[PDB]
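Printed here is data.pdb (PDB, C-alpha atoms):
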ATOM      1  CA  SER T   1      -1.796 -22.870  -4.094
ATOM      2  CA  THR T   2      -2.261 -19.433  -5.591
ATOM      3  CA  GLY T   3      -4.648 -16.504  -5.266
ATOM      4  CA  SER T   4      -5.595 -13.667  -7.600
ATOM      5  CA  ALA T   5      -7.762 -10.683  -6.644
ATOM      6  CA  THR T   6      -8.717  -7.457  -8.390
ATOM      7  CA  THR T   7      -7.900  -4.213  -6.598
ATOM      8  CA  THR T   8      -9.974  -1.116  -7.346
ATOM      9  CA  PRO T   9      -9.287   2.585  -6.713
ATOM     10  CA  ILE T  10     -11.601   4.073  -4.067
ATOM     11  CA  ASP T  11     -12.000   7.359  -5.949
ATOM     12  CA  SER T  12     -11.095   9.237  -9.123
ATOM     13  CA  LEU T  13      -7.648  10.194  -7.761
ATOM     14  CA  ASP T  14      -6.473   6.666  -6.838
ATOM     15  CA  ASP T  15      -6.180   7.800  -3.197
ATOM     16  CA  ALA T  16      -6.146   4.131  -2.224
ATOM     17  CA  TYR T  17      -7.150   0.725  -3.543
ATOM     18  CA  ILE T  18      -9.584  -1.806  -2.085
ATOM     19  CA  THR T  19      -9.524  -5.558  -2.563
ATOM     20  CA  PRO T  20     -12.365  -7.908  -1.568
ATOM     21  CA  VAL T  21     -11.459 -10.360   1.215
ATOM     22  CA  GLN T  22     -13.589 -13.238   2.485
ATOM     23  CA  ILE T  23     -13.608 -13.643   6.273
ATOM     24  CA  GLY T  24     -15.379 -16.344   8.278
ATOM     25  CA  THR T  25     -17.951 -19.052   7.643
ATOM     26  CA  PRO T  26     -20.207 -18.333   5.870
ATOM     27  CA  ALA T  27     -18.026 -15.788   4.116
ATOM     28  CA  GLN T  28     -18.279 -12.141   5.091
ATOM     29  CA  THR T  29     -16.761 -10.062   2.295
ATOM     30  CA  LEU T  30     -14.986  -6.892   3.349
ATOM     31  CA  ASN T  31     -13.099  -4.491   1.093
ATOM     32  CA  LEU T  32      -9.609  -4.083   2.550
ATOM     33  CA  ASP T  33      -6.704  -1.747   1.824
ATOM     34  CA  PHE T  34      -3.723  -4.026   1.114
ATOM     35  CA  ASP T  35      -0.783  -2.300   2.748
ATOM     36  CA  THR T  36       2.824  -3.400   2.162
ATOM     37  CA  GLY T  37       3.835  -0.781   4.751
ATOM     38  CA  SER T  38       2.167  -2.420   7.769
ATOM     39  CA  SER T  39       1.561  -5.882   9.166
ATOM     40  CA  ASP T  40      -1.873  -5.953  10.810
ATOM     41  CA  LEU T  41      -5.053  -7.329   9.253
ATOM     42  CA  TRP T  42      -7.725  -5.276  10.994
ATOM     43  CA  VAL T  43     -11.386  -4.713  10.234
ATOM     44  CA  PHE T  44     -14.387  -2.632  11.134
ATOM     45  CA  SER T  45     -16.567  -4.970  13.159
ATOM     46  CA  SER T  46     -19.609  -5.442  15.350
ATOM     47  CA  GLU T  47     -17.335  -4.290  18.192
ATOM     48  CA  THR T  48     -16.435  -0.936  16.626
ATOM     49  CA  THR T  49     -17.801   2.083  18.533
ATOM     50  CA  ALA T  50     -21.034   2.827  16.677
ATOM     51  CA  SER T  51     -20.375   6.563  16.282
ATOM     52  CA  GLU T  52     -17.093   5.687  14.503
ATOM     53  CA  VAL T  53     -18.768   3.586  11.818
ATOM     54  CA  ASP T  54     -20.072   5.494   8.803
ATOM     55  CA  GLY T  55     -21.004   3.181   5.945
ATOM     56  CA  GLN T  56     -18.304   0.507   6.275
ATOM     57  CA  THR T  57     -19.127  -3.173   6.000
ATOM     58  CA  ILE T  58     -18.413  -4.828   9.338
ATOM     59  CA  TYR T  59     -17.126  -8.227  10.375
ATOM     60  CA  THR T  60     -19.371  -9.893  12.924
ATOM     61  CA  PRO T  61     -17.451 -12.737  14.546
ATOM     62  CA  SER T  62     -20.523 -14.131  16.330
ATOM     63  CA  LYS T  63     -21.981 -14.960  12.902
ATOM     64  CA  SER T  64     -18.912 -16.974  11.886
ATOM     65  CA  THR T  65     -18.807 -20.619  12.878
ATOM     66  CA  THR T  66     -15.007 -20.628  12.463
ATOM     67  CA  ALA T  67     -14.266 -17.475  14.510
ATOM     68  CA  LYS T  68     -12.485 -17.960  17.822
ATOM     69  CA  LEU T  69     -11.530 -15.244  20.290
ATOM     70  CA  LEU T  70      -7.760 -15.057  20.647
ATOM     71  CA  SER T  71      -8.047 -14.744  24.371
ATOM     72  CA  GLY T  72      -6.172 -11.837  25.933
ATOM     73  CA  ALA T  73      -4.807 -10.444  22.689
ATOM     74  CA  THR T  74      -5.106  -6.761  21.899
ATOM     75  CA  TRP T  75      -3.734  -4.514  19.172
ATOM     76  CA  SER T  76      -3.123  -0.824  18.623
ATOM     77  CA  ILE T  77      -1.560   0.865  15.626
ATOM     78  CA  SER T  78      -0.625   4.379  14.539
ATOM     79  CA  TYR T  79       0.150   5.085  10.903
ATOM     80  CA  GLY T  80       2.482   7.584   9.256
ATOM     81  CA  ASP T  81      -0.436   9.857   8.383
ATOM     82  CA  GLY T  82      -1.435  10.146  12.044
ATOM     83  CA  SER T  83      -4.418   7.822  11.798
ATOM     84  CA  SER T  84      -4.939   4.982  14.280
ATOM     85  CA  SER T  85      -7.080   2.057  15.373
ATOM     86  CA  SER T  86      -7.187  -0.532  18.152
ATOM     87  CA  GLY T  87      -9.146  -3.469  19.495
ATOM     88  CA  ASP T  88      -9.109  -7.192  20.211
ATOM     89  CA  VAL T  89      -8.419 -10.269  18.096
ATOM     90  CA  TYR T  90     -10.125 -13.299  16.622
ATOM     91  CA  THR T  91      -8.730 -16.123  14.536
ATOM     92  CA  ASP T  92     -10.803 -17.079  11.509
ATOM     93  CA  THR T  93     -10.608 -18.344   7.938
ATOM     94  CA  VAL T  94      -9.525 -15.666   5.468
ATOM     95  CA  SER T  95      -9.500 -16.031   1.687
ATOM     96  CA  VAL T  96      -8.095 -13.672  -0.934
ATOM     97  CA  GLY T  97      -8.769 -14.350  -4.593
ATOM     98  CA  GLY T  98      -9.274 -18.061  -3.970
ATOM     99  CA  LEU T  99      -6.329 -18.522  -1.586
ATOM    100  CA  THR T 100      -7.417 -19.595   1.890
ATOM    101  CA  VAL T 101      -5.634 -19.266   5.218
ATOM    102  CA  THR T 102      -7.113 -20.926   8.279
ATOM    103  CA  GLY T 103      -6.349 -19.537  11.741
ATOM    104  CA  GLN T 104      -5.572 -16.049  10.470
ATOM    105  CA  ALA T 105      -5.485 -13.331  13.133
ATOM    106  CA  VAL T 106      -8.332 -10.948  12.351
ATOM    107  CA  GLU T 107      -7.944  -7.825  14.434
ATOM    108  CA  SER T 108     -11.354  -6.460  15.349
ATOM    109  CA  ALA T 109     -11.485  -2.687  15.780
ATOM    110  CA  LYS T 110     -13.062  -1.297  18.921
ATOM    111  CA  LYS T 111     -11.865   2.211  18.045
ATOM    112  CA  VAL T 112     -10.795   3.941  14.825
ATOM    113  CA  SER T 113      -9.672   7.516  14.211
ATOM    114  CA  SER T 114     -11.765   9.944  12.222
ATOM    115  CA  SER T 115      -9.959   9.492   8.901
ATOM    116  CA  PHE T 116     -10.951   5.823   8.901
ATOM    117  CA  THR T 117     -14.539   6.620   9.849
ATOM    118  CA  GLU T 118     -14.683   9.175   7.026
ATOM    119  CA  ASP T 119     -13.444   6.624   4.452
ATOM    120  CA  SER T 120     -16.714   4.709   3.907
ATOM    121  CA  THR T 121     -15.149   2.598   1.139
ATOM    122  CA  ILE T 122     -12.358   1.068   3.280
ATOM    123  CA  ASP T 123     -13.524  -1.699   5.624
ATOM    124  CA  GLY T 124     -10.068  -2.293   7.090
ATOM    125  CA  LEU T 125      -6.442  -3.008   6.225
ATOM    126  CA  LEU T 126      -4.547  -6.130   5.231
ATOM    127  CA  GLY T 127      -0.890  -5.698   6.110
ATOM    128  CA  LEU T 128       1.780  -7.200   3.861
ATOM    129  CA  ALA T 129       4.982  -5.894   5.448
ATOM    130  CA  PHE T 130       7.051  -8.224   7.639
ATOM    131  CA  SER T 131       5.360  -9.859  10.609
ATOM    132  CA  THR T 132       7.927  -8.326  12.975
ATOM    133  CA  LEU T 133       5.833  -5.111  12.750
ATOM    134  CA  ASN T 134       2.585  -6.782  13.792
ATOM    135  CA  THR T 135       1.134  -4.995  16.852
ATOM    136  CA  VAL T 136      -0.755  -7.846  18.539
ATOM    137  CA  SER T 137       0.165  -8.229  22.207
ATOM    138  CA  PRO T 138       1.205 -10.256  24.115
ATOM    139  CA  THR T 139       1.602 -12.763  21.281
ATOM    140  CA  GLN T 140       2.635 -11.196  17.985
ATOM    141  CA  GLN T 141       0.744 -12.520  14.952
ATOM    142  CA  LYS T 142       1.660 -13.382  11.354
ATOM    143  CA  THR T 143       0.479 -11.591   8.237
ATOM    144  CA  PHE T 144      -1.801 -13.281   5.729
ATOM    145  CA  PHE T 145       1.186 -13.673   3.366
ATOM    146  CA  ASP T 146       3.387 -15.159   6.079
ATOM    147  CA  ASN T 147       0.657 -17.690   6.957
ATOM    148  CA  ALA T 148       0.011 -18.534   3.289
ATOM    149  CA  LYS T 149       3.686 -18.746   2.329
ATOM    150  CA  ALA T 150       4.425 -22.424   2.745
ATOM    151  CA  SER T 151       1.295 -23.437   0.824
ATOM    152  CA  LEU T 152       1.994 -21.106  -2.095
ATOM    153  CA  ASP T 153       3.468 -22.463  -5.313
ATOM    154  CA  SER T 154       6.176 -19.788  -4.941
ATOM    155  CA  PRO T 155       6.709 -17.576  -1.847
ATOM    156  CA  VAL T 156       5.784 -14.326  -3.607
ATOM    157  CA  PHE T 157       3.009 -11.855  -4.093
ATOM    158  CA  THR T 158       2.766  -9.213  -6.816
ATOM    159  CA  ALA T 159       1.187  -5.781  -6.967
ATOM    160  CA  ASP T 160      -0.075  -4.526 -10.302
ATOM    161  CA  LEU T 161      -1.893  -1.291  -9.502
ATOM    162  CA  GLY T 162      -3.835   0.590 -12.133
ATOM    163  CA  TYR T 163      -3.792   4.262 -13.024
ATOM    164  CA  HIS T 164      -7.401   5.412 -12.714
ATOM    165  CA  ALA T 165      -8.315   1.746 -13.259
ATOM    166  CA  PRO T 166      -8.449  -1.618 -11.486
ATOM    167  CA  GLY T 167      -5.400  -3.814 -11.069
ATOM    168  CA  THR T 168      -4.408  -7.081  -9.473
ATOM    169  CA  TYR T 169      -2.777  -8.629  -6.441
ATOM    170  CA  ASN T 170      -1.499 -12.152  -7.093
ATOM    171  CA  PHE T 171      -0.220 -14.599  -4.494
ATOM    172  CA  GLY T 172       2.077 -17.505  -5.239
ATOM    173  CA  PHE T 173       2.873 -16.885  -8.889
ATOM    174  CA  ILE T 174       4.250 -14.350 -11.330
ATOM    175  CA  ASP T 175       1.925 -13.582 -14.276
ATOM    176  CA  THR T 176       4.355 -13.271 -17.178
ATOM    177  CA  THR T 177       1.591 -11.689 -19.321
ATOM    178  CA  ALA T 178       1.186  -8.740 -16.932
ATOM    179  CA  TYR T 179       4.458  -6.966 -17.693
ATOM    180  CA  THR T 180       6.780  -6.074 -20.559
ATOM    181  CA  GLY T 181      10.497  -6.808 -20.804
ATOM    182  CA  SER T 182      12.236  -8.399 -17.833
ATOM    183  CA  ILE T 183      11.857  -8.060 -14.060
ATOM    184  CA  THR T 184      14.798  -6.404 -12.341
ATOM    185  CA  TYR T 185      15.308  -7.636  -8.796
ATOM    186  CA  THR T 186      16.936  -5.581  -6.069
ATOM    187  CA  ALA T 187      18.005  -6.282  -2.500
ATOM    188  CA  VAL T 188      15.701  -5.790   0.478
ATOM    189  CA  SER T 189      16.512  -4.920   4.062
ATOM    190  CA  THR T 190      13.993  -6.241   6.588
ATOM    191  CA  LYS T 191      15.760  -4.513   9.498
ATOM    192  CA  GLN T 192      12.905  -2.001   9.955
ATOM    193  CA  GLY T 193      10.184  -4.523   9.030
ATOM    194  CA  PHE T 194       9.486  -2.933   5.648
ATOM    195  CA  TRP T 195      10.111  -3.821   2.016
ATOM    196  CA  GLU T 196      13.080  -1.475   2.127
ATOM    197  CA  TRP T 197      15.316  -1.123  -0.910
ATOM    198  CA  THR T 198      17.699   1.344  -2.571
ATOM    199  CA  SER T 199      16.814   3.044  -5.834
ATOM    200  CA  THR T 200      19.819   3.855  -8.034
ATOM    201  CA  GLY T 201      18.680   7.345  -9.027
ATOM    202  CA  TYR T 202      16.208   9.495 -10.904
ATOM    203  CA  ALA T 203      15.463  11.683 -13.903
ATOM    204  CA  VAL T 204      12.969  14.492 -14.382
ATOM    205  CA  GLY T 205      11.160  14.477 -17.703
ATOM    206  CA  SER T 206      13.579  14.044 -20.595
ATOM    207  CA  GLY T 207      16.486  15.158 -18.385
ATOM    208  CA  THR T 208      19.656  13.200 -17.754
ATOM    209  CA  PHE T 209      19.617  10.454 -15.171
ATOM    210  CA  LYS T 210      21.183  11.295 -11.817
ATOM    211  CA  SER T 211      22.913   8.311 -10.243
ATOM    212  CA  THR T 212      22.318   8.514  -6.522
ATOM    213  CA  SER T 213      21.288   5.997  -3.878
ATOM    214  CA  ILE T 214      17.807   6.550  -2.478
ATOM    215  CA  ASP T 215      16.810   4.206   0.341
ATOM    216  CA  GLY T 216      13.046   3.816   0.655
ATOM    217  CA  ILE T 217      10.113   1.476   1.166
ATOM    218  CA  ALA T 218       7.701  -0.048  -1.319
ATOM    219  CA  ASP T 219       4.392   0.882   0.278
ATOM    220  CA  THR T 220       1.068   0.135  -1.395
ATOM    221  CA  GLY T 221      -0.743   1.783   1.537
ATOM    222  CA  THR T 222       0.737   5.223   0.875
ATOM    223  CA  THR T 223      -0.829   7.255  -1.940
ATOM    224  CA  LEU T 224       2.086   9.466  -2.988
ATOM    225  CA  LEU T 225       5.803   9.307  -3.732
ATOM    226  CA  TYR T 226       7.865  10.805  -0.898
ATOM    227  CA  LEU T 227      11.488  11.516  -1.719
ATOM    228  CA  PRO T 228      14.338  13.666  -0.412
ATOM    229  CA  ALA T 229      13.823  17.430  -0.584
ATOM    230  CA  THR T 230      16.644  17.811  -3.104
ATOM    231  CA  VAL T 231      14.979  15.382  -5.544
ATOM    232  CA  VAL T 232      11.517  16.838  -5.077
ATOM    233  CA  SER T 233      12.743  20.411  -5.587
ATOM    234  CA  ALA T 234      14.476  19.378  -8.823
ATOM    235  CA  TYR T 235      11.211  17.859 -10.074
ATOM    236  CA  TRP T 236       8.916  20.803  -9.246
ATOM    237  CA  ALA T 237      11.435  23.340 -10.591
ATOM    238  CA  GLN T 238      10.462  22.033 -14.026
ATOM    239  CA  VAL T 239       6.802  23.056 -13.549
ATOM    240  CA  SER T 240       6.073  26.755 -14.064
ATOM    241  CA  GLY T 241       4.369  28.201 -10.999
ATOM    242  CA  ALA T 242       4.873  25.176  -8.741
ATOM    243  CA  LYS T 243       5.670  25.902  -5.144
ATOM    244  CA  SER T 244       5.708  24.354  -1.723
ATOM    245  CA  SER T 245       2.809  25.632   0.329
ATOM    246  CA  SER T 246       3.036  25.388   4.088
ATOM    247  CA  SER T 247      -0.689  26.157   4.317
ATOM    248  CA  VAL T 248      -1.671  23.326   1.980
ATOM    249  CA  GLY T 249       0.948  20.900   3.260
ATOM    250  CA  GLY T 250       3.187  20.340   0.270
ATOM    251  CA  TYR T 251       3.922  21.143  -3.328
ATOM    252  CA  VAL T 252       1.093  22.573  -5.394
ATOM    253  CA  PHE T 253       1.108  23.531  -9.060
ATOM    254  CA  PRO T 254      -1.130  25.409 -11.492
ATOM    255  CA  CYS T 255      -3.923  23.126 -12.691
ATOM    256  CA  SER T 256      -3.154  24.465 -16.196
ATOM    257  CA  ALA T 257       0.267  22.745 -16.159
ATOM    258  CA  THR T 258       1.458  19.787 -18.150
ATOM    259  CA  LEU T 259       3.527  17.727 -15.714
ATOM    260  CA  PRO T 260       6.822  16.092 -16.706
ATOM    261  CA  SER T 261       7.407  12.398 -16.117
ATOM    262  CA  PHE T 262       9.631  11.135 -13.305
ATOM    263  CA  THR T 263      11.979   8.190 -13.710
ATOM    264  CA  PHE T 264      13.405   6.118 -10.862
ATOM    265  CA  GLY T 265      16.203   3.561 -11.069
ATOM    266  CA  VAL T 266      16.039  -0.104 -10.094
ATOM    267  CA  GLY T 267      19.565  -1.386 -10.567
ATOM    268  CA  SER T 268      20.414  -0.564 -14.185
ATOM    269  CA  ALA T 269      16.711  -0.549 -15.109
ATOM    270  CA  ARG T 270      14.384   2.434 -15.193
ATOM    271  CA  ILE T 271      10.706   2.881 -14.266
ATOM    272  CA  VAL T 272       8.983   5.888 -15.846
ATOM    273  CA  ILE T 273       6.087   7.523 -13.987
ATOM    274  CA  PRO T 274       4.041   9.494 -16.524
ATOM    275  CA  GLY T 275       3.350  13.106 -15.645
ATOM    276  CA  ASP T 276      -0.396  12.505 -15.371
ATOM    277  CA  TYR T 277       0.183  10.058 -12.491
ATOM    278  CA  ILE T 278       1.618  12.972 -10.482
ATOM    279  CA  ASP T 279      -1.592  15.065 -10.720
ATOM    280  CA  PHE T 280      -3.798  14.829  -7.610
ATOM    281  CA  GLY T 281      -6.210  17.523  -8.713
ATOM    282  CA  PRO T 282      -7.565  20.691  -7.153
ATOM    283  CA  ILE T 283      -6.585  21.286  -3.531
ATOM    284  CA  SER T 284     -10.214  22.162  -2.862
ATOM    285  CA  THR T 285     -13.227  21.854  -5.138
ATOM    286  CA  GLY T 286     -13.006  24.387  -7.962
ATOM    287  CA  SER T 287      -9.496  25.583  -7.139
ATOM    288  CA  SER T 288      -6.976  26.272  -9.869
ATOM    289  CA  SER T 289      -4.196  25.100  -7.553
ATOM    290  CA  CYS T 290      -3.538  21.364  -7.903
ATOM    291  CA  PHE T 291      -1.822  19.032  -5.447
ATOM    292  CA  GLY T 292       1.374  17.258  -6.461
ATOM    293  CA  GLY T 293       1.933  13.524  -6.331
ATOM    294  CA  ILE T 294       5.647  13.822  -5.527
ATOM    295  CA  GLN T 295       6.313  15.296  -2.116
ATOM    296  CA  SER T 296       9.211  15.694   0.291
ATOM    297  CA  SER T 297       9.942  12.936   2.787
ATOM    298  CA  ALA T 298      11.758  15.413   5.050
ATOM    299  CA  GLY T 299      10.343  14.958   8.540
ATOM    300  CA  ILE T 300       8.779  11.560   7.741
ATOM    301  CA  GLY T 301      12.137   9.974   8.407
ATOM    302  CA  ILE T 302      11.917   7.572   5.468
ATOM    303  CA  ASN T 303      11.487   7.759   1.711
ATOM    304  CA  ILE T 304       8.265   6.104   0.510
ATOM    305  CA  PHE T 305       7.662   4.612  -2.916
ATOM    306  CA  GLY T 306       3.884   4.773  -2.612
ATOM    307  CA  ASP T 307       1.178   4.143  -5.182
ATOM    308  CA  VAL T 308       2.275   6.968  -7.515
ATOM    309  CA  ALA T 309       5.511   5.040  -8.108
ATOM    310  CA  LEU T 310       4.279   1.467  -7.734
ATOM    311  CA  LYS T 311       1.364   1.829 -10.168
ATOM    312  CA  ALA T 312       3.887   2.601 -12.936
ATOM    313  CA  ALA T 313       5.316  -0.912 -12.500
ATOM    314  CA  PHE T 314       4.612  -4.597 -12.067
ATOM    315  CA  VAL T 315       6.089  -5.187  -8.606
ATOM    316  CA  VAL T 316       7.217  -8.526  -7.157
ATOM    317  CA  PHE T 317       7.404  -8.911  -3.391
ATOM    318  CA  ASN T 318       9.650 -11.952  -3.086
ATOM    319  CA  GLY T 319       9.373 -13.534   0.355
ATOM    320  CA  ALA T 320      12.001 -16.197  -0.180
ATOM    321  CA  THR T 321      14.460 -16.827   2.655
ATOM    322  CA  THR T 322      16.397 -13.803   1.423
ATOM    323  CA  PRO T 323      13.623 -11.420   0.392
ATOM    324  CA  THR T 324      13.975  -9.220  -2.673
ATOM    325  CA  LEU T 325      11.852  -6.806  -4.714
ATOM    326  CA  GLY T 326      11.334  -6.974  -8.462
ATOM    327  CA  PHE T 327      10.193  -4.200 -10.779
ATOM    328  CA  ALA T 328       9.132  -4.455 -14.418
ATOM    329  CA  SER T 329       7.609  -1.961 -16.812
ATOM    330  CA  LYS T 330       4.102  -2.743 -18.059
TER
END

Would you mind writing the structure in this file as structure tokens?
Amino acid sequence: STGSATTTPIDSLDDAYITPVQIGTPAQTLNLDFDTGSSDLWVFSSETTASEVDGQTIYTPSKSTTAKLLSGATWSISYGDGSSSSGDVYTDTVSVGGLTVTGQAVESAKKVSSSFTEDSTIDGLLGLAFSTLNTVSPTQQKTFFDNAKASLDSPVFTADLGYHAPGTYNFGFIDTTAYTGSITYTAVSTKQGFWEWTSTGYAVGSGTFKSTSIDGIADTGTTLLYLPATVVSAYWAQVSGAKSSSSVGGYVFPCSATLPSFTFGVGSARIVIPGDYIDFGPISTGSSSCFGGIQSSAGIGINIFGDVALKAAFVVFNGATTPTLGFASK
């Protein structure tokens, strides 16, 4: 089997991407944030505290003839940005882009933090990291990909995110028309439960490439590119007036600037992030200070190749027995 679904930015800055997911019988379609940095499929639901729902589409298990309470199971998750959610669990039929998993754990939110409530366009998350990070207790549950894996033509999914435009998540096949040149594959460590890999270096603009190992995660659920302070300082030093602002919470730059590109290494290959991808616009409406799309990972504890980086590439998440990651230009 295969699946293919379009993913759409939630706003004009590509702050996140939503992908329609069919849950239950008859189908209830919710728009989920596919997140390669976590491993829970959770949704706003009929059980979510009413005051914490503000415009989201909810899953109502009582209206699904295939929903079954997973008796005793609860979940609770905290994300890197400080957001959180928790609740109980149902199993139900879940389909993405024509690919159907029966018995998928669907984690029903009883509580969500304010950032989720405030995001009316995101109806929940679909985790695509390794199932070892799944938070369901006392019986840990498998991700949608893990459940689908054996049925897929090939044990892979791909992320092809758009810049200010829709893109595609495919399951079970590699669309050879969706990228240019060849795919360069690189080793993955699953020791922390992430799609963790080591970039071979970077360049700023038309500058020379610096060979240096940068361990990080491929994370579709993180907006920006978070890299070591040394790397980030070298980038922003090439933008007149750019500075790190403690008050704003990162690097800002004059909105009048033309940003240089940023290149990262994948083995001997190179992925170029155009300067425009690094512009996240005014810090507040009408401001002439703009927020940067490359930020320091210092104090996160991990480098994160988020959407800013991933959307510059066609990315293969290879879930073979020895998982790997592939990157191609597009």

Which residues come within 8 Å of residue 319 of chain T, counting all atoms listed in the file, excluding same-chain residues fewer than 5 positions away, as a PDB file with C-alpha atoms, in the frame of the given file?
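Listed below is the output, out-v7.pdb:
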ATOM      1  CA  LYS T 149       3.686 -18.746   2.329  1.00  0.00           C
ATOM      2  CA  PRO T 155       6.709 -17.576  -1.847  1.00  0.00           C
ATOM      3  CA  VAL T 156       5.784 -14.326  -3.607  1.00  0.00           C
ATOM      4  CA  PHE T 157       3.009 -11.855  -4.093  1.00  0.00           C
ATOM      5  CA  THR T 324      13.975  -9.220  -2.673  1.00  0.00           C
TER       6      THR T 324
END

Problem - Pairwise distance for atom CA of residue 258 of chain T and atom CA of residue 276 of chain T, rounded to one decimal in Å - result: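 Atom-to-atom, atom CA of residue 258 of chain T to atom CA of residue 276 of chain T, that is 8.0 Å.
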
Problem - Evaluate the PyMOL selection byres ((chain T and resi 214-218) around 7) and report residues as a PyMOL selection string - result: chain T and resi 36+194-201+212-213+219-220+302-306

Problem - Using all atoms listed in the file: which of T:90, T:59, T:280, T:314 has the shortest distance to residue 72 of chain T - result: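 Smallest separation from residue 72 of chain T among the options: T:90.
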
Handout entry: Shell of 10 Å around residue 39 of chain T, all atoms listed in the file, local chain residues under 3 positions omitted, as a PyMOL selection string
Key = chain T and resi 34-36+42+77+125-136+141-146+193-194

Picked residues, the PyMOL selection byres ((chain T and resi 184) around 6), as an mmCIF file with C-alpha atoms, keeping the file's coordinate frame:
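Result file is selection05.cif:
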data_model
loop_
_atom_site.group_PDB
_atom_site.id
_atom_site.type_symbol
_atom_site.label_atom_id
_atom_site.label_comp_id
_atom_site.auth_asym_id
_atom_site.auth_seq_id
_atom_site.Cartn_x
_atom_site.Cartn_y
_atom_site.Cartn_z
ATOM 1 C CA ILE T 183 11.857 -8.060 -14.060
ATOM 2 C CA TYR T 185 15.308 -7.636 -8.796
ATOM 3 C CA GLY T 326 11.334 -6.974 -8.462
ATOM 4 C CA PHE T 327 10.193 -4.200 -10.779
#

Would you pull segment 79-95 of chain T out of the block just shown and save N, CA and C atoms as a PDB file, in the first residue's frame?
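Contents of result.pdb, freshly written:
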ATOM      1  N   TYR T  79       6.225  19.537  25.042  1.00  0.00           N
ATOM      2  CA  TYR T  79       7.065  19.756  23.874  1.00  0.00           C
ATOM      3  C   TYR T  79       8.180  20.752  24.168  1.00  0.00           C
ATOM      4  N   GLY T  80       9.156  20.799  23.265  1.00  0.00           N
ATOM      5  CA  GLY T  80      10.314  21.663  23.416  1.00  0.00           C
ATOM      6  C   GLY T  80       9.996  23.139  23.559  1.00  0.00           C
ATOM      7  N   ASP T  81       8.841  23.553  23.048  1.00  0.00           N
ATOM      8  CA  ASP T  81       8.438  24.954  23.123  1.00  0.00           C
ATOM      9  C   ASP T  81       7.660  25.260  24.402  1.00  0.00           C
ATOM     10  N   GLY T  82       7.517  24.268  25.275  1.00  0.00           N
ATOM     11  CA  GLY T  82       6.853  24.471  26.549  1.00  0.00           C
ATOM     12  C   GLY T  82       5.363  24.202  26.520  1.00  0.00           C
ATOM     13  N   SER T  83       4.843  23.850  25.351  1.00  0.00           N
ATOM     14  CA  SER T  83       3.429  23.508  25.240  1.00  0.00           C
ATOM     15  C   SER T  83       3.185  22.077  25.731  1.00  0.00           C
ATOM     16  N   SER T  84       1.927  21.741  25.986  1.00  0.00           N
ATOM     17  CA  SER T  84       1.602  20.424  26.524  1.00  0.00           C
ATOM     18  C   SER T  84       0.139  20.055  26.296  1.00  0.00           C
ATOM     19  N   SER T  85      -0.141  18.765  26.432  1.00  0.00           N
ATOM     20  CA  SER T  85      -1.483  18.237  26.334  1.00  0.00           C
ATOM     21  C   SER T  85      -1.513  16.862  26.982  1.00  0.00           C
ATOM     22  N   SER T  86      -2.721  16.413  27.326  1.00  0.00           N
ATOM     23  CA  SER T  86      -2.908  15.145  28.019  1.00  0.00           C
ATOM     24  C   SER T  86      -4.338  14.658  27.892  1.00  0.00           C
ATOM     25  N   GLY T  87      -4.534  13.363  28.103  1.00  0.00           N
ATOM     26  CA  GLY T  87      -5.877  12.810  28.075  1.00  0.00           C
ATOM     27  C   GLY T  87      -5.913  11.304  28.125  1.00  0.00           C
ATOM     28  N   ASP T  88      -6.940  10.722  27.505  1.00  0.00           N
ATOM     29  CA  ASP T  88      -7.088   9.271  27.456  1.00  0.00           C
ATOM     30  C   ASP T  88      -6.987   8.792  26.010  1.00  0.00           C
ATOM     31  N   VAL T  89      -7.296   7.525  25.755  1.00  0.00           N
ATOM     32  CA  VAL T  89      -6.928   6.922  24.477  1.00  0.00           C
ATOM     33  C   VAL T  89      -8.029   6.043  23.936  1.00  0.00           C
ATOM     34  N   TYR T  90      -8.252   6.165  22.633  1.00  0.00           N
ATOM     35  CA  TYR T  90      -9.120   5.252  21.894  1.00  0.00           C
ATOM     36  C   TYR T  90      -8.296   4.564  20.818  1.00  0.00           C
ATOM     37  N   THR T  91      -8.736   3.397  20.364  1.00  0.00           N
ATOM     38  CA  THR T  91      -8.233   2.875  19.095  1.00  0.00           C
ATOM     39  C   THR T  91      -9.307   3.119  18.053  1.00  0.00           C
ATOM     40  N   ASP T  92      -8.892   3.417  16.831  1.00  0.00           N
ATOM     41  CA  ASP T  92      -9.841   3.641  15.748  1.00  0.00           C
ATOM     42  C   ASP T  92      -9.102   3.503  14.416  1.00  0.00           C
ATOM     43  N   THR T  93      -9.867   3.507  13.332  1.00  0.00           N
ATOM     44  CA  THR T  93      -9.313   3.507  11.994  1.00  0.00           C
ATOM     45  C   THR T  93      -8.854   4.901  11.585  1.00  0.00           C
ATOM     46  N   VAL T  94      -7.613   4.983  11.120  1.00  0.00           N
ATOM     47  CA  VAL T  94      -7.012   6.249  10.716  1.00  0.00           C
ATOM     48  C   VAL T  94      -6.477   6.105   9.308  1.00  0.00           C
ATOM     49  N   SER T  95      -6.833   7.044   8.429  1.00  0.00           N
ATOM     50  CA  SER T  95      -6.335   7.038   7.062  1.00  0.00           C
ATOM     51  C   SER T  95      -5.675   8.364   6.729  1.00  0.00           C
TER      52      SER T  95
END
